[PDB]
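Beneath this line is the structure, given in structure tokens, with notes to follow.
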Amino acid sequence: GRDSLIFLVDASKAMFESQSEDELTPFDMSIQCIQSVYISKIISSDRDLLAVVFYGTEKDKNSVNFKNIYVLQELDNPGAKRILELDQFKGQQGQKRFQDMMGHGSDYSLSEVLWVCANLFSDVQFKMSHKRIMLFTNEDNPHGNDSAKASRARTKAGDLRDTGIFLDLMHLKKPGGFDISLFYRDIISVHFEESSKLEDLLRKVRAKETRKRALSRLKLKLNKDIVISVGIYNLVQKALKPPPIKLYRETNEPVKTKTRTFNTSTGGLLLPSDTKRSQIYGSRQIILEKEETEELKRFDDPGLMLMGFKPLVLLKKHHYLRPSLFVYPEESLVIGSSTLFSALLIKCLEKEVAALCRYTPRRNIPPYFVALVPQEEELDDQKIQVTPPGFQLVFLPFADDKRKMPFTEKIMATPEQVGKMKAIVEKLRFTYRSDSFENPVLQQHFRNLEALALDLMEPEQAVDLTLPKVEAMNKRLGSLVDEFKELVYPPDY
Amino acid sequence: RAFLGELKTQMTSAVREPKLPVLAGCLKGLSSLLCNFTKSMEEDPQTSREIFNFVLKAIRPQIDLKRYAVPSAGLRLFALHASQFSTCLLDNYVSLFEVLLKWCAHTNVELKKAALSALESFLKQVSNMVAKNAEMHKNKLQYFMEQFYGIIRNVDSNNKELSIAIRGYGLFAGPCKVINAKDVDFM
Amino acid sequence: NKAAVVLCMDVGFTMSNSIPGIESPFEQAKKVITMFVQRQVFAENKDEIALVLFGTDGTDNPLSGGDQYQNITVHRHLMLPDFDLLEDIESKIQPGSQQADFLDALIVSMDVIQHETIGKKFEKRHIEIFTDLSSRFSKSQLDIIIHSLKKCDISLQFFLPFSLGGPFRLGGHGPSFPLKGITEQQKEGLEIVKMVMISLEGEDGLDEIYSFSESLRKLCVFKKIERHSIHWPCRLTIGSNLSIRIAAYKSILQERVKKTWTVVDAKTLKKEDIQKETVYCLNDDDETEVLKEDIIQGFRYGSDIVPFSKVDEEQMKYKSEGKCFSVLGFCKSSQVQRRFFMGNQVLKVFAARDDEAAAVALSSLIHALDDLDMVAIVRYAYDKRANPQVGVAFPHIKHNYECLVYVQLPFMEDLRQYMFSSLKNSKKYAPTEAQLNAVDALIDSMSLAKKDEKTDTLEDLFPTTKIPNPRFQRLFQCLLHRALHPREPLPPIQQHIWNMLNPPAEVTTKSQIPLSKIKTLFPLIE
DNA sequence: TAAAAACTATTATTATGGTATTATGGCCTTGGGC
DNA sequence: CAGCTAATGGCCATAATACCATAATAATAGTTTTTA
């Protein structure tokens, strides 16, 4: 449920060495990779557990008590001085000191290493799912000498994949990024792409957050006589942080502050009995029970009702407000809405018609009128899903929505502009994407925490464009905005 | 009196039902509380009274005898003169009395005995002011009297199992001092 | 706002008409008018009311004579509202039946505006004559009163029991009554008011002809007197090329309470006893009290405690400045999805105008957007106090006036996605269509908006809009009830409530036998 | 009579949210014959 | 002075907070079974 993800560096010998190359030991590149995912799960803050281990080496860290290994850490959600604790390992001083202080390279034996790290899959005491491992190697030859080691590769390998446990080798630059194809299968283990490097890892997880989540499950009675139960889902919440946590000063420790009510006149206490929930205006104070309030919500019950069918195009935006998060109607428990819900969306979409509902949130609420667009089902060859089949949970518009908005005259433009304006926008347009879109200015703080995480000087201080780039603005389009400026006006801004 | 209050509340607007763990406690140590009261009067009769009256169906059955364990000691330990109460509400109540009697008694369970207990007991308290009252116990005597009395002869033709004990005490409770105001001579 | 409010009301005989279904017109009158009462308690602003009584049995007014002033009673005086003014509803109101004429209460209402607003500063004013139009109708002083209430800047309303053109709701879903139920006396009065309205604000007022029941269907009185959205100053930057002083505006956004359900005392209600317990503690091993609330500001994350302060926060925090709005770029609308329109707060954005030129060129870029299905990518930092934000913004087009609306661009994290096996795979679920088609025909019978008026305006039963949401309404019933009457159990839910709550039964009836084909053709499991 | 497991059901678990609520949030409004 | 300040009168967004409220799982107990 909260799963496994694993760092590993191969060792024969020369790997922790740089191949005498003048940039880095690709070993070290791997080092910052480890840094990058383990750090990454600071941001993503993933109850997935992470692994740091090496092998193939001089001394050992393990419980399996064999040559050419080191544990680094056991499976973990991260730690600040788990980060720091591993932070020694950059730098040639830290290359070496890391190496020798631990000892660096002698021999190894492959599938031995398999059940090594696998036997870090032993380390699981908890609920995990994903078994995912990464070897760091340029190794062209595991060995030529004992091909019984090779049979051991092709032997235990299939076991460990069959173990559901999956390690691959990303294209880490042995020359050509690798030149080897040949025997390599064993070494390695909703439409997307793949990459050979860490940078993708780096930025991709710079802002990243939770993955496996579906929890509170409501229903929809369609009519009074027929059934569906409805899965509540958050495509997101407009995801925010785990928020500021109380820890006292020098003690550093959680306050375990509590709250109740003393009497605020006499030194006595107060109790929910002793108080109530009031509205007050003018002269009259008026007091009614926290109960009385919470059940004044009551109309029906948490649950949902097909309230009808509407033109989809009937409302585009005259309007908009707090989103649908996405309810997928459950079909395992209640199926046939497999079929029902299926052809529902089929034809209602065909009708450009939608199923209105009155949604009743959890432990009641006052419920509300909200449309449900049938959500279509979009999948390509490898099945990118932009539209998981379902409903758009479409809030209806209401008085408050319209509580105010002005109306007055409008003076209008001319085609003389649009002739240029269009292509002007063609310079201002970009094909956009699903991706690289956020409010990082909050991200920057879990950068600021990446600090104490590594305990270093300045953050990653990475780059997303949520802000426009001038060279392109003044580049592709140019100053034709001048033409527009003096079209109808000498502005002085 | 808070706990009294906010459970008095929780019995109301949540599925018309409190949290019975929470009443089991409220009443539970309310045992000792009452033991210390010296004559509750106003709310508390209704407090108890209610709680038992609402213990009477499948509600949120938990260790289902717990549902029944709530009144189990609940009426039982409540022997007070504060527990001399529905002598206010009796002619009404005794209806309810036997309703609960029949209720758990006939409710197939592993604690009947509680029923029997309070049965005898509040039964007694009845009998006690009965012993102290010609006015409110002569007729209303014969009210409660006959209330049970349907059970008195009810035993003759039926199978009540252990409930036999029941009658005798009521079969006493009828004749206590009572041949004075109401002749038990044939009894 | 800050205003005077003239409620000109008929309680009389035909307002007292015994009528099936929906309540009698004067009953209607205190229902809607007392929802005005509601919303006045729910206005919590400077709004006053002085009352013109007609349909009553008596005359109270500056002049009692004239042959007018007949059946004109002055109950109330324009004042900052108070709860006794709430109580007069609960007290005076009756089926008082006796007749005034219409220009009578019209000129009396004139004076209601006149001398009281004199001495009471009110920027906006209104006079609303709610009457079923049963009388001998004075056409005498009509246009006098009309353009003098123009001098009184009087917007105008009328309520009655009908439309100009499975119950019949008293609120929700348009005109509900047998359409010709109009007594034609009230149709000559209809022409009277036609003249009055076409005279003052123009002929458009014939839609401003309203009923009391539609007065329970709509919000109608809600949009009269009230302030427009206020300028949000900053520049929308269009490229390093272009920056523009503009007015951001909050358009569609979520309501909330008017207060928390004040949690204060019981048995007194006096908040003096009232406050919650700070109660900050130590962490562990008796973990005892700590005082001087200040603590570091930190976390755990992962497996790691995250010691930190508010200091290192404040400093180490990059931000926006105090405000900004900057186009981040543009794109076509093709790849783009409504779900993937995200947010709650929405900005109708109009000009910083007067020097309106770049609002015109703004229109230029607008139709540069609309032709090509083009959407806006814009930073927005709210102005008044210190915040960065960024979001999508898009032009909406409704011919008479248009703006771009700032809204949240759903942000890359924002997509949750599962392993879900395709509904494209029905290979475990298919019936015969022969049911599916039929229940489609149901979907028509249940189509809420079907083409109406032959305006191609498909009138959605449940047509959103002037139909509100409970939480407030629900409470509001709680508010008149308990505010105006002692503690009770659940207050009246009066089904105008549920009228709103539930669609009309011509659709529903048309669902019934399809509601049958559901159960029949479509079984259940579990 | 209990007395045995007993696979069953229960109500127990949060992690994760969403509400709903707090708080001012750094601003727009108020003032007076020189 | 010049114009009255200018912090006064007001205060909306936020972020924060709360309550407050579930599945993801995993338990309880549970009432039957005869046995005795």
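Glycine gets a Cβ as well: all are built from the backbone with ideal geometry, and neighbour counts include every protein chain shown. Since every read-out is calculated from the coordinates, none of them should be taken as a lab result.
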With assigned to a strand (DSSP E or B), surrounded by fewer than 22 Cβ atoms within 10 Å (Cβ to Cβ) and out of contact with any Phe, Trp or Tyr (no Cβ under 7 Å at 6 or more places or on another chain) as the only criterion, which of C:140, C:155 stands out? C:155
Within the stretch A:427-438, count every residue that is within 22 Å of the chain's Cα centre (by Cα) and either of a type outside the set (S, T, N, Q) or within 16 Å of DNA strand D (Cβ to nearest atom) (or both). 5
Just give me the residues in the stretch A:102-123 being surrounded by fewer than 19 Cβ atoms within 10 Å (Cβ to Cβ) and part of a helix (DSSP H, G or I), in sequence order. A:102, A:112, A:115, A:119
Inspect the stretch B:77-87 for any residue being buried (at least 19 other Cβ atoms within 10 Å of the Cβ) and part of a helix (DSSP H, G or I) and give the result as yes or no. no
Given (1) among the β-branched types (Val, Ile, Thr); (2) closer than 23 Å to residue A:480 by Cα; (3) at the interface with chain A (Cβ under 7 Å from one of its Cβ atoms), identify the lone condition not met by residue C:274. (2)
Does residue A:453 fit the bill of being in contact with a strand residue (DSSP E or B) (Cβ under 8 Å, 6 or more places away or on another chain) and among the small types (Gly, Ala, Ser)? yes
Search the stretch C:76-88 for residues being surrounded by fewer than 16 Cβ atoms within 10 Å (Cβ to Cβ) and either within 26 Å of residue C:18 (Cβ to Cβ) or not hydrophobic (A, V, I, L, M, F, W, C) (or both), and hand back the single one that is nearest to the chain's Cα centre (by Cα). C:82
Residues of the stretch A:225-253 being part of a strand (DSSP E or B), within 16 Å of DNA strand D (Cβ to nearest atom) and within 21 Å of residue A:375 (Cβ to Cβ), which ones? A:229, A:230, A:231
Just give me the residues in the stretch C:333-364 being within 13 Å of DNA strand E (Cβ to nearest atom) and either part of a helix (DSSP H, G or I) or more than 7 Å from every other protein chain (Cβ to nearest Cβ) (or both), in sequence order. C:345, C:347
Taking the stretch A:191-229 as the search range and keeping residues that are within 8 Å of chain C (Cβ to nearest Cβ) and away from DNA strand E (no atom under 15 Å from the Cβ), which one is farthest from residue C:518 (Cα to Cα)? A:208
Please name all residue pairs, on different chains or six or more residues apart, with Cβ atoms under 6 Å, provided the first residue is in the stretch A:163-179 and is closer than 17 Å to residue A:27 by Cα and the second residue is assigned to a loop (DSSP other than H, G, I, E, B) and aromatic (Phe, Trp, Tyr). A:171/A:178
Confirm whether residue A:485 is more than 7 Å from chain C (Cβ to nearest Cβ) and over 30 Å from residue A:201 (Cβ atoms). yes
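Among B:132, B:138, which is the only one that is surrounded by fewer than 16 Cβ atoms within 10 Å (Cβ to Cβ), more than 13 Å from the chain's Cα centre (by Cα) and closer than 13 Å to residue B:84 by Cα? Before the answer, list the steps.
On the way: B:138 fails: closer than 13 Å to residue B:84 by Cα.
Step by step, each of B:132, B:138 is checked, and only B:132 is surrounded by fewer than 16 Cβ atoms within 10 Å (Cβ to Cβ), more than 13 Å from the chain's Cα centre (by Cα) and closer than 13 Å to residue B:84 by Cα.
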If I filter the stretch C:245-271 down to residues being among the hydrophobic types (A, V, I, L, M, F, W, C) and more than 8 Å from every other protein chain (Cβ to nearest Cβ), which single residue comes out as surrounded by the fewest Cβ atoms within 10 Å (Cβ to Cβ)? C:257
Can you pull out the residues in the stretch A:464-477 that are within 8 Å of chain C (Cβ to nearest Cβ) and either in a loop (DSSP other than H, G, I, E, B) or basic (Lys, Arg) (or both)? A:465, A:466, A:467, A:468
Over the stretch C:203-212, the set of residues acidic (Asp, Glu) and outside any loop (DSSP other than H, G, I, E, B) is C:203, C:204
Considering only residues that are more than 16 Å from DNA strand D (Cβ to nearest atom) and polar (S, T, N, Q), which ones fall in the stretch A:258-269? A:263, A:265, A:266
Of the residues B:64, B:91, only one is more than 27 Å from residue A:291 (Cα to Cα) and either within 16 Å of DNA strand D (Cβ to nearest atom) or of a type in the set (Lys, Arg) (or both); which? B:64
Quick test for you: out of C:257, C:221, C:263, pick the one residue that is within 13 Å of DNA strand D (Cβ to nearest atom), in contact with a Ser or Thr (Cβ under 8 Å, 6 or more places away or on another chain) and aliphatic (A, V, I, L, M). C:263
Could you check the stretch A:274-297 and list, in sequence order, the residues that are among the polar types (S, T, N, Q) and more than 7 Å from chain C (Cβ to nearest Cβ)? none
Count, please, the residues in the stretch A:20-53 that happen to be in contact with a strand residue (DSSP E or B) (Cβ under 9 Å, 6 or more places away or on another chain) and in a loop (DSSP other than H, G, I, E, B). 3
Qualifying residue in the stretch C:447-457 (condition: more than 30 Å from residue C:253 (Cα to Cα) and either at the interface with chain A (Cβ under 8 Å from one of its Cβ atoms) or in a helix (DSSP H, G or I) (or both)): no
Going by what's in this entry, would residue A:481 be described as over 27 Å from residue A:79 (Cβ atoms), of a type in the set (A, V, I, L, M, F, W, C) and loosely packed, with under 14 Cβ neighbours inside 10 Å? no
Here the qualifying pairs (Cβ atoms under 6 Å; residues six or more apart or on different chains; first in the stretch C:378-405 and at the interface with chain A (Cβ under 7 Å from one of its Cβ atoms) and within 16 Å of DNA strand D (Cβ to nearest atom); second assigned to a loop (DSSP other than H, G, I, E, B) and small (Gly, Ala, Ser)) come out as C:388/C:320
